Amino acid sequence: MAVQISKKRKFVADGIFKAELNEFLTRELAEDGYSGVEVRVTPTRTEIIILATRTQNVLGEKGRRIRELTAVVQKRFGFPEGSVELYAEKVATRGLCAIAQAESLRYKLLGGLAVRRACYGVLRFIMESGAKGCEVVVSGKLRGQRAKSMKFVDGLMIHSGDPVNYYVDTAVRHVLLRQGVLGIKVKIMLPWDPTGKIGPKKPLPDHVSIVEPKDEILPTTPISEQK
Amino acid sequence: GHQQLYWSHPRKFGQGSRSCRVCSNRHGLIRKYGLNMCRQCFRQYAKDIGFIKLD
Amino acid sequence: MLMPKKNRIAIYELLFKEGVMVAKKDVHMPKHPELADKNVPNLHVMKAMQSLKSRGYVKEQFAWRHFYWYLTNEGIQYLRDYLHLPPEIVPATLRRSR
Amino acid sequence: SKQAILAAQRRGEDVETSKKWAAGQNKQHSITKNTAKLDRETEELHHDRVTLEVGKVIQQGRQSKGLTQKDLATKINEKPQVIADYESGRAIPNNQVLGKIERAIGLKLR
RNA sequence: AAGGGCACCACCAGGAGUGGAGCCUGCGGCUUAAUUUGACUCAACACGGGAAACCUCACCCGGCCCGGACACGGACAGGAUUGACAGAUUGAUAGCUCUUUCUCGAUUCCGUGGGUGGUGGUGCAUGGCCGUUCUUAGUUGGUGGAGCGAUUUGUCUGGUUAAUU
Ligand SMILES: [Mg+2]
Ligand SMILES: [Mg+2]
Ligand SMILES: [Zn+2]
């Protein structure tokens, strides 16, 4: 009431808070399979939900790391004490998350092996995790001094229209190798089926489904059943 | 150094006042709605800020 | 850096009360926002925490324009020895709640 | 086993000889992590870097022999940046390179 | 070369023009201590969101500062060092230097190694992003068929469509 902000500036500031929080939390716990965040803002104590893959090391020893993370969040973003609390949730089907798979590819590449072998392994893990299709692109100074790009597409993938806003998900990473950086681009097309959590509802707009009819027997001679 | 002439030129109004809140660059700065991001950083972060290309 | 001793004591004890230190990257700021009464400019906090990182007592991360600092166990031991405090009190992040 | 092999060769032969994998060649850079594990692994997602103590040990041992990063790197046949990355706690450790540094400066790093 | 089809970044039928004039602005050149620099057919030239009085700012002419981590030696409470009034000095109320002495207190200072920063170079070492080829209808496996093979068929004579529709 005393301090006031117009609704346009308020919503823009909320988006900026989400963007900076997501970038800091990406930069910090990238080696823990970060894979997104949710904020639940309310005119009281708020919540921030971290959708990690391995939560047992996002939480430190007796939850020390989660405590220092909520401390730095409360000290940077100017929240009053106790008005922010920080949660962690394990993400189901990590093979369907583009951020986690791009980090896994970065881990394999930093460990050092054939780029072919790493991309094949990531791609086949994504397929047997349940995706409709995948596309992995690696670009940069591969074997040789001139940069190339290599894509490892497989399965099914849409590119155009509004369905590719919610029905695939992408991730871009940089890998700081010994000679320049490589670029990692992973796209995963999600299944539709359960209309639940593993994918989206509202299937692809040109997929019609026709229910089958019943037996429809006995059109023969008239009978009447009274009560 | 010293104290009375180190940062003494006034960084009130103008391009020496304002900088991007992400990269601390001074050029192409969007200050509408109090974004205070440069145009490249805004294009990077616009989708999860809430701005969508819609038409 | 010169940093008269009372400023260093203030920065260190504030890093010890809660195990984090969240200074912002600009040197031309006359006070740290939350020290702000012990006459500690932001440059002193930046360079003191940089020295702490160089000895390996503090891990840092960098957001858009802000530094974040976490106090490691060697940092616990070093700050405990520097402040001459007894070896049973802990920073807040180590234990405050169940 | 030498005893069983020499025992079998003094009588009726049943021994089997076979060539080693990397036999008769010099791989200049030996790989540090087994790619059978690295291709298999999907869960664990982090690489441990060199500790600050190891970099300090390299720093003090090198400085106590009138030796620079360029000269140490040339002596152990590596680029100067990998030495500067070992000393600065940034590079993923390689046991083969670490062993070359130990024979260069006379300290023990593992 | 032929045969089908298509497009006002092609033409036809035209409209409004631009090219001529004054001025604004961007490029080249010339001049300058400097007139910072990128981009040169479409796909550079009111483009770098580039409307620069200072700042921006890179360029020119001068002048302060260390914001040189850390490690190892050296020197050090009989002082490692830090500021400073007045005069000169300076563009300057930079204790920047010189004279003069007061003040601070282990944080610094000196040497070696090494940090760190860089609108420094290289976009012909790269990532990402964008433009363009290219606003048109095009592109590809699996299994089968042909061919020694490169390859080809699928992806087509015809009709139709904005469209391998
Ligand atoms: Mg369409
Ligand atoms: Mg024309
Ligand atoms: Zn931005």
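The scheme used for residues numbers each chain from 1 in its written sequence order. That scheme is not guaranteed to match the entry numbering, and residues without coordinates are omitted from view. Following the order in which they are written, the chains are lettered starting with A and the ligands numbered starting with 1. Shown here is a subset of chains from a larger assembly, with all values computed for this subset only. Computation of side-chain values: all heavy atoms of the structure, hydrogens and water removed.

The deposited coordinates, according to the entry record, derive from cryo-EM at 2.9 Å resolution.

For this purpose, a residue is taken to be near a molecule or strand whenever a single non-hydrogen atom of the residue falls within 4 Å of it. Around RNA strand E, the structure places 45 residues, and the nearest of them are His9 and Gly16 of chain B together with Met1, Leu2 and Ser51 of chain C. Across the atoms of RNA strand E situated within 4 Å of the protein, the share located in sugar and phosphate is 70%. Definition of a polar contact: a pair of N or O atoms within 3.5 Å, with one able to donate and the other able to accept a hydrogen when the atoms are protein atoms, and with sequence-neighbouring residues admitted only if both atoms are side-chain atoms. Between RNA strand E and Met1 of chain C there is a distance of 2.6 Å, counted from a sugar or linking oxygen to a backbone nitrogen or oxygen. Residue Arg62 of chain D places a side-chain N or O atom 2.9 Å away from a sugar or linking oxygen belonging to RNA strand E. Elements supplying a minimum of two residues to the surface near RNA strand E: strand 4 (133–140), strand 7 (168–176) and strand 8 (181–189) of chain A, strand 1 (29–30) and helix 1 (39–49) of chain B, helix 1 (5–17) and helix 2 (42–54) of chain C together with helix 3 (52–63) of chain D. Only DSSP runs of H or I with at least four residues qualify as helices, and only runs of E with at least two residues qualify as strands; both kinds are numbered from the N terminus onward.

Here we take up the UniProt feature "binding site: Zn(2+)" in chain B. UniProt positions are given in the numbering used here, feature names are shortened, and annotations may be inferred rather than shown by experiment. This chain's UniProt record puts "binding site: Zn(2+)" on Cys20, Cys23, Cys38 and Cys41 of chain B. Spatial clustering of the annotated residues is evident: they stretch over 22 residues in sequence, but the largest pairwise C-alpha distance comes to 8.3 Å. Of the annotated set, the members that line the second largest pocket are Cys20 and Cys23 of chain B. Residue position: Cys20 of chain B is located in the segment before strand 1. What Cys20 of chain B contacts, discounting residues up to four positions off in sequence, is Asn25, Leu29, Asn36, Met37, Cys38 and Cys41 of chain B together with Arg65 of chain C. Looking at the element boundaries, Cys23 of chain B is found in the segment before strand 1. Any residue with an atom within 4 Å of a point lines the site, the site being either a cavity, points on a 1 Å grid over the protein atoms alone where a 1.4 Å probe fits but cannot get out, or a pocket, an open set with protein on both sides within 12 Å along at least 5 of 7 lines. For this analysis, residues touch if any pair of their heavy atoms sits within 4.5 Å.

Now for the interface of chain A and chain C. Between chain A and chain C, the contact holds 16 residues from the first and 16 residues from the second. Put simply, buried area is the surface a 1.4 Å probe can reach on two separate parts but cannot reach once they are joined, added for both. Contact with chain C buries surface across chain A, with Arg64, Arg67 and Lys75 of chain A losing the most and accounting together for 32% of the total. A salt bridge links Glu34 of chain C to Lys75 of chain A, with the shortest nitrogen-to-oxygen separation between them at 3.9 Å. When contributions to the side of chain A that touches chain C are tallied by element, the ones reaching two or more residues are helix 1 (7–28) and helix 2 (64–76) of chain A. By residue number, the principal contributor to the side of chain A that touches chain C is helix 2 of chain A, which donates 8 residues. What counts as a salt bridge is simple: a side-chain nitrogen of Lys or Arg found within 4 Å of a carboxyl oxygen of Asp or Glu.

Let us look at a nonpolar patch on the surface. In this analysis, a patch consists of residues with relative accessible area above 30% that form no salt bridge, clustered at 9 Å for like charges and at 5 Å for the nonpolar side chains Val, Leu, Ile, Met, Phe, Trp and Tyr. Each accessible area is a Shrake-Rupley estimate made with a 1.4 Å probe; only the visible protein chains count as cover when residues are assessed. Taken together, the side chains of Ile217, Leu218 and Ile223 of chain A present a nonpolar region at the surface, about 390 Å² in accessible area. Mapped onto the elements of the fold, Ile217 of chain A is located in the segment after strand 8.

Looking now at the interface of chain A and chain D. If you look at the interface, chain A gives 18 residues, while chain D gives 13 residues. Together chain A and chain D conceal approximately 1600 Å² of surface at their shared face, both sides included; 54% is due to carbon and sulfur atoms. Per-residue buried area on chain A facing chain D is highest for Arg54, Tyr107 and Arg117 of chain A; these three make up 35% of the total on that side. If you look at where chain A meets chain D, you find 2 salt bridges. Note that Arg117 of chain A and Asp39 of chain D form a salt bridge whose closest N and O atoms lie 3.1 Å from each other. Elements with a contribution of two residues or more to the side of chain A that touches chain D: helix 3 (98–111) and helix 4 (115–129) of chain A. If you tally residues by element for the side of chain A that touches chain D, the top one is helix 3 of chain A, at 6 residues.

This next bit is on the sheet that holds strand 2 (residues 58–62) of chain C. Residues and elements named next belong to chain C. By the convention used here, strands pair only if DSSP detects at least 2 bridges between them. If you trace the 3 strands from one edge of the open sheet to the other, you get 1-3-2, paired in antiparallel fashion. The strands lining the two open edges of the sheet, one partner per strand, are strand 1 (20–21) and strand 2. Bridge analysis of strand 1 against strand 3 (residues 67–71) gives 2 bridges, and the strand direction is antiparallel. From the neighbouring strand, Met21 faces strand 3, where its bridge partner is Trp69.

This next bit is on the side chain of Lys187 of chain A. Residues and elements named next belong to chain A. Residue position: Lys187 is located in strand 8. Between buried and exposed lies partly exposed: a residue is buried under 20% and exposed over 50% of the maximum accessible area for its type, with that area taken using a 1.4 Å probe on protein chains only. For this count, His and the chain ends are skipped, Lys and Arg are scored as positive, and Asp and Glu as negative. At 4.8 Å, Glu135 is the nearest oppositely charged side chain to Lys187, a buried residue that forms no salt bridge. Excluding anything up to four places from it in sequence, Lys187 contacts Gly133, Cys134, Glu135, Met157, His159, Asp169 and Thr170.

All names here are of chain A. Under the definition given, this model contains 19 salt bridges over all chains. Taking the shortest distance from any N to any O, the salt bridge between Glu20 and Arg76 comes out at 2.9 Å. With a gap of 56 residues between them, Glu20 in helix 1 and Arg76 in helix 2 connect regions that are remote in the sequence. Relative accessible area serves as the criterion here: at 22%, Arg76 is assigned to the partly exposed category. A salt bridge links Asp32 to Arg65; the nearest nitrogen and oxygen atoms lie 2.3 Å apart. Here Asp32, found in the loop between helix 1 and strand 1 (37–40), pairs with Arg65, found in helix 2; they are 33 residues apart in sequence, far enough to count as distant.

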